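S.K.:
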Amino acid sequence: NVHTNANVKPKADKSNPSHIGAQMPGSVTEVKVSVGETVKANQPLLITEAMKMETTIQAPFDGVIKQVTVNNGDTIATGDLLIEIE
Amino acid sequence: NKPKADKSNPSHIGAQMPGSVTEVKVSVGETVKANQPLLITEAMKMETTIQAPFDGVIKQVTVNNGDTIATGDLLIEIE
Amino acid sequence: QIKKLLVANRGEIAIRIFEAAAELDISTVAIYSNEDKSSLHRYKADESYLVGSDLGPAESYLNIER
Amino acid sequence: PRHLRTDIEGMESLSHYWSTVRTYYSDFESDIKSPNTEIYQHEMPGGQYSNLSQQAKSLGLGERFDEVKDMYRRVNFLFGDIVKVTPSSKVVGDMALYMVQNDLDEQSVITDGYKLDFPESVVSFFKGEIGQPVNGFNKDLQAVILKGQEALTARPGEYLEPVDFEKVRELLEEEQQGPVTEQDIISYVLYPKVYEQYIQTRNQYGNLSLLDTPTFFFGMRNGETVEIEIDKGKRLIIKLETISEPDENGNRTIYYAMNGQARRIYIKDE
Amino acid sequence: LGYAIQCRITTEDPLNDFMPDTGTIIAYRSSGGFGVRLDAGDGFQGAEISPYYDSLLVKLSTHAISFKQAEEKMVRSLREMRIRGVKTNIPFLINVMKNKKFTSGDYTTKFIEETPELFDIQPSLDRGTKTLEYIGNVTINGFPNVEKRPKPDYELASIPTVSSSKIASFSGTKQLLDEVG
Amino acid sequence: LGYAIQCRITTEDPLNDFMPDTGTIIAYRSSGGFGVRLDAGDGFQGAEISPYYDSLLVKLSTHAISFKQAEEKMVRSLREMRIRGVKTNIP
Ligand SMILES: O=CCCCC[C@@H]1SC[C@@H]2NC(=O)N[C@@H]21
């Protein structure tokens, strides 16, 4: 790229509990877990920045991380697939 | 990197609502009665027909068919 | 006595039967499971129905009752 | 003592449903977001209010809508204190928009305001074609609108000649070259121009009412799949893969999947 | 073994004296199916069919133990070809196929002139394409007084539903009226 | 009347005890021909492949007067076949 902010992410399937969606616009400030790896309920797995505001998207249940569609400093828009978990 | 028009003074006729000309009714050199339909114009749920103020002869027409107009634009001039 | 015909199956064979049936002027219906959102046979019948957002992907064509 | 007869548990459910659906229409939401008590001064119908916001907007009076309401009140007294509802409201509607467009006021007729080209509706009103108000109009303020014709006095329908439905059937059957219903017939009479355009669009695009609203207003996203229920167990599954750059002919290629089949459609970029 | 029929599909506008029309083929679906050989000529998506050649688009052939079954296959292979951007003889061939006189197999060369009801053709239907166009136009140039933007995100609407039957058991003010005016 | 041959094209990788390779089909060329019957199943353009059905992409069948002619119909229509992005039992 020169800058992977160009990349298009698929949309989270909304009626599917494995897909975490972007609840709002913003930026990936820190990638935190990798593809295929164990996490507990309420674990930080991705720090976003909204409008000079932190918020740390956390895991809904105990999981094996299926996919991660993001790197540090990627653009994100409402309804974007950020993570999958089993 | 469209001439407006003269309110106060001369017998021009200005655009009195902004929209589209749906039909020009009278040609550039022609006689015309007072209150005669001249020009037909369309806004959203609106339609002003334009009419003869005097009772005279038309010098010019500054719109065709399907033309967009703004408020205070010249469309006819009559003496 | 057959005006309308359903195929309890997928893939090549559903297609084949749909064509037989169409050729006898018999109206057709296909079933698909969830994994089969996009098997072609879904699109080759006159009508089509999702079998079960309850049932397993293997299981969805074995549900006698549904 | 008296209660309301209905199902609440169920109306909450209806409510959650329209809460979301309304979302689809936010482009058409009015500027009111508060109860306004100056309503007792305007008297503008609730079901004109947002239809006229739209209208004002389109003639470049968006933002200037508050002055469009001032005039709506002023127009009312101009006319002798009338009832305002469809279509008498529309005439007030138009005379307010019209006067505001033209920095006009009540004195711009009373010995002053002449050759003005009033809207359709408003000349209609003084011609009498909407009716006769309780208290009438003010001759001197009408004269200058219609001069040429005069007021017709009787309710219109008792002199308006009857419409010929025979001739209307031959007309629609001729242009549509097919079978044509009684609905078509009054729909056409009620709305000659608009009905025609509905037909234009229908020949061109089929029955749009089956599209979901979001797709209807916005189309599709690259990689999006859309289901259109066409009947019981009949649907179109449509996938938009990508769109290409406009070829030198101003035409883009859209790569589609429809019902398990690859399809390409060409559209002109305006 | 059994019987076989062949039809040739041509650019020929059967309503315009059978004149070979030309242009770009902007879409093309063949059928397939047992007992059906497709022999593709000019017929396929992308072709520039040319004023200067034989207009055969496809040669279609079917085969079954009975004439009637061969006919049933021809009718269906035809019914299932869609070609757009040019008028075709398909509606005709279908009509040839359903004709009592063709099937009985007692027919002569005068068959076509002696049967006016083979040109009993209706201008074709196309709901599916027409929709792709609408979406195509709105995606690119957008809708009248709607803010030309990405298809905004929407919350997943959960739509409550009651069965027709329960509905049909209900007796409301509508039944009231039908009852007592 | 003559001879007919069938075989099945499976996602089974012969170079792996026949293990039904799974994933997406990103290229598909069905041939056909005279005396060829193609009964398509899991084999088409976009949509991908489930582990949870018996691996059947195309059932491929051929017909001619002698066995020889049928077999050489079959090889040709295998050779003309190009599926991609999953492995196949074709060679
Ligand atoms: O064409 C746009 C919708 C119609 C605008 C006028 C409506 S009709 C009912 C209500 N009463 C009015 O006088 N205006 C609105």
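Chains as they are written, first to last, in the working numbering: chain V, 113 to 198; chain P, 30 to 108; chain E, 6 to 71; chain W, 3 to 272; chain Y, -12 to 168; chain A, 30 to 120.
Idealized CB from N, CA, C, for every residue including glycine.
1) Does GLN65 (chain P) come out as helix, strand or coil in the three-state DSSP assignment?
2) Between the region 74 to 86 of chain A and chain W, which residues of the former have CB atoms less than 7 Å from a CB of the latter, in chain order?
3) Kindly indicate which residue of A:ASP42, A:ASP46, A:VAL87 has the alpha-carbon position closest to the one of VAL65 (chain A).
4) Kindly indicate if chain Y contains any beta-carbon less than 7 Å away from that of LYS126 (chain V).
5) Looking at C-beta atoms only, is the number of pairs between the region 49 to 61 of chain A and the region 76 to 83 of chain A that lie closer than 8 Å three or more?
6) Between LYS60 (chain Y) and chain E, is the shortest Cβ-Cβ distance under 7 Å, so that the two count as touching?
7) Please look up how many angstroms separate the CB atoms of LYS87 (chain Y) and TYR94 (chain Y), rounded, as I've assumed it's under 8 Å.
8) Judging by CA-CA distance, which residue of P:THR77, P:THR60, P:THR78 is the nearest neighbour of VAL86 (chain P)?
9) Kindly list the residues whose CB is nearer than 8 Å to the CB of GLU52 (chain P), restricted to its own chain and excluding five residues on each side of it in sequence; keep chain order.
10) Rounded C-beta distance between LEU99 (chain W) and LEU61 (chain W)? I'm assuming under 8 Å.
11) Please name the residue or residues paired with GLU106 (chain P) in a DSSP beta bridge.
12) Taking a contact to mean a Cβ-Cβ separation below 7 Å, would you say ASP50 (chain A) touches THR39 (chain A) in this structure?
13) Hey, would you say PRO47 (chain W) sits closer than 7 Å to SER91 (chain W), going by beta carbons?
14) Classify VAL85 (chain W): buried if its beta carbon has 16 or more other beta carbons within 10 angstroms, exposed otherwise.
15) Anything in chain Y within Cβ reach of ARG66 (chain A), meaning under 7 Å, just list it in chain order.
16) Along the alpha helix (DSSP H) that carries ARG63 (chain Y), what are the first and last residues, could you check?
17) Considering only heavy atoms of ligand 1, does any lie closer than 6 Å to the CB of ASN53 (chain W)?
18) Less than 6 Å between C-beta atoms, sequence neighbours within five positions excluded: which residues of the same chain meet that for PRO122 (chain V)?
19) Is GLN50 (chain W) near ligand 1, in the sense that its beta carbon is under 6 Å from a heavy atom of that ligand?
20) Could you work out which residues of chain W lie near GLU52 (chain E), taking near to mean beta carbons separated by less than 9 Å?
21) Cα separation between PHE67 (chain W) and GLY58 (chain P)?
22) Residues in its own chain within less than 8 Å of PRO172 (chain V) by CB, not counting five upstream and five downstream?
23) Helix, strand or coil, according to DSSP, for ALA156 (chain W) in the structure here?
24) Report yes or no: is there a C-beta of chain P within less than 7 Å of the C-beta of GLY150 (chain W)?
25) Nearer than 6 Å: is that true of the beta carbon of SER145 (chain Y) relative to any heavy atom of ligand 1?
26) Whose Cβ in chain Y lies nearer than 8 Å to the Cβ of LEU30 (chain A)?
27) Would you please state the rounded distance, in angstroms, between the beta carbons of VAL34 (chain E) and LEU11 (chain E)? I believe it to be under 8 Å.
28) Check whether the Cβ of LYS92 (chain W) sits closer than 6 Å to any heavy atom of ligand 1, and report yes or no.
29) Any heavy atom of ligand 1 inside 6 Å of the beta-carbon of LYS74 (chain P)?
30) What does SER43 (chain E) reach in chain W if we use C-beta pairs closer than 7 Å?
M.R.: In short, the structure shows the following:
1) Position 36 of the second sequence, counting from 1, holds the residue named residue 65 (chain P). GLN65 (chain P) falls in the coil class under three-state DSSP.
2) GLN74, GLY75
3) Along the sixth sequence, read from residue 1 onward, the residue named residue 65 (chain A) stands at position 36. If we check each option's Cα against that of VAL65 (chain A), A:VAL87 comes out closest.
4) The sequence position of residue 126 (chain V) within the first sequence is 14, counting from 1. It does; some Cβ of chain Y falls within 7 Å.
5) yes
6) Sequence index remark: in the fifth sequence, residue 60 (chain Y) carries index 73 (1-based). Yes, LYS60 (chain Y) lies at the interface with chain E (some Cβ there is under 7 Å from its Cβ).
7) Position 100 of the fifth sequence, counted from the first residue, corresponds to residue 87 (chain Y). Position 107 of the fifth sequence, counted from the first residue, corresponds to residue 94 (chain Y). Rounded, the Cβ-Cβ distance is 10 Å, inconsistent with contact.
8) Residue numbering aside, residue 86 (chain P) sits at position 57 when the second sequence is read from its first letter. The shortest Cα separation from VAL86 (chain P) among P:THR77, P:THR60, P:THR78 belongs to P:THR60.
9) Taking the first residue of the second sequence as 1, we reach residue 52 (chain P) at position 23. Result list for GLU52 (chain P): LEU68, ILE69, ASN94, in chain order.
10) Position 97 of the fourth sequence, counted from the start, is the residue given in the question as residue 99 (chain W). Position 59 of the fourth sequence, counted from the start, is the residue given in the question as residue 61 (chain W). Sure, about 6 Å apart at Cβ, within 8 Å.
11) In the second sequence, residue 106 (chain P) corresponds to position 77, counting from 1. DSSP, once it has assigned bridges, lists P:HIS41, P:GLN89 as partnering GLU106 (chain P).
12) On the sixth sequence, residue 50 (chain A) is found 21 positions in, with the first residue counted as 1. On the sixth sequence, residue 39 (chain A) is found 10 positions in, with the first residue counted as 1. Taking 7 Å as the Cβ cut-off, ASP50 (chain A) and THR39 (chain A) do not qualify as a contacting pair.
13) By 1-based counting over the fourth sequence, the position of residue 47 (chain W) is 45. By 1-based counting over the fourth sequence, the position of residue 91 (chain W) is 89. Against a cut-off of 7 Å, the Cβ pair of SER91 (chain W) and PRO47 (chain W) comes out as a contact.
14) Here residue 85 (chain W) refers to the residue found at position 83 when the fourth sequence is read from its first residue. By the neighbour-count rule (16 or more Cβ atoms within 10 Å), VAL85 (chain W) is not buried but exposed.
15) If you number the sixth sequence from 1, residue 66 (chain A) lands on position 37. Chain Y residues near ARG66 (chain A): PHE21.
16) Here residue 63 (chain Y) is taken as the residue at index 76 of the fifth sequence, counted from 1. Segment 54 to 67, the alpha helix (DSSP H) holding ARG63 (chain Y).
17) Within the fourth sequence, numbered from 1, the residue matching residue 53 (chain W) stands at position 51. Yes, the beta carbon of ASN53 (chain W) sits closer than 6 Å to at least one heavy atom of ligand 1.
18) Reading the first sequence from its first residue, position 10 is the one you call residue 122 (chain V). Excluding sequence neighbours, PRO122 (chain V) sits near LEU193.
19) The residue given as residue 50 (chain W) occupies position 48 in the fourth sequence. Yes, since a heavy atom of ligand 1 falls inside the 6 Å radius drawn around the Cβ of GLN50 (chain W).
20) Indexing the third sequence from 1 puts residue 52 (chain E) at position 47. Near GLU52 (chain E) (Cβ distances below 9 Å), the residues of chain W are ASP233, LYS234, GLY235, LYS236.
21) Taking the first residue of the fourth sequence as position 1, residue 67 (chain W) is located at position 65. Taking the first residue of the second sequence as position 1, residue 58 (chain P) is located at position 29. Cα-Cα distance, rounded: 41 Å.
22) Along the first sequence, read from residue 1 onward, the residue named residue 172 (chain V) stands at position 60. Contacts found: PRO129, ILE132, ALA153, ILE197.
23) Position 154 of the fourth sequence, counted from the first residue, corresponds to residue 156 (chain W). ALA156 (chain W) falls in the coil class under three-state DSSP.
24) In the fourth sequence, the residue the question calls residue 150 (chain W) occupies position 148. Judged by the 7 Å Cβ criterion, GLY150 (chain W) is in contact with chain P.
25) Mapped onto the fifth sequence, residue 145 (chain Y) falls at position 158. Checking every heavy atom of ligand 1 against the Cβ of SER145 (chain Y), none is found closer than 6 Å.
26) The residue you call residue 30 (chain A) lines up with position 1 of the sixth sequence. Ordered by position in chain Y, the residues that pass the 8 Å Cβ test against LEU30 (chain A) are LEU(-12).
27) Here residue 34 (chain E) refers to the residue found at position 29 of the third sequence. Here residue 11 (chain E) refers to the residue found at position 6 of the third sequence. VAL34 (chain E) to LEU11 (chain E), Cβ: 4 Å. Contact.
28) As a position in the fourth sequence, residue 92 (chain W) is number 90, starting the count at 1. Indeed, a heavy atom of ligand 1 lies less than 6 Å from the Cβ.
29) The residue labelled residue 74 (chain P) in the question sits at position 45 within the second sequence. It does: the Cβ of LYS74 (chain P) is within 6 Å (strictly closer) of some heavy atom of ligand 1.
30) As a position in the third sequence, residue 43 (chain E) is number 38, starting the count at 1. Chain W residues near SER43 (chain E): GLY262.
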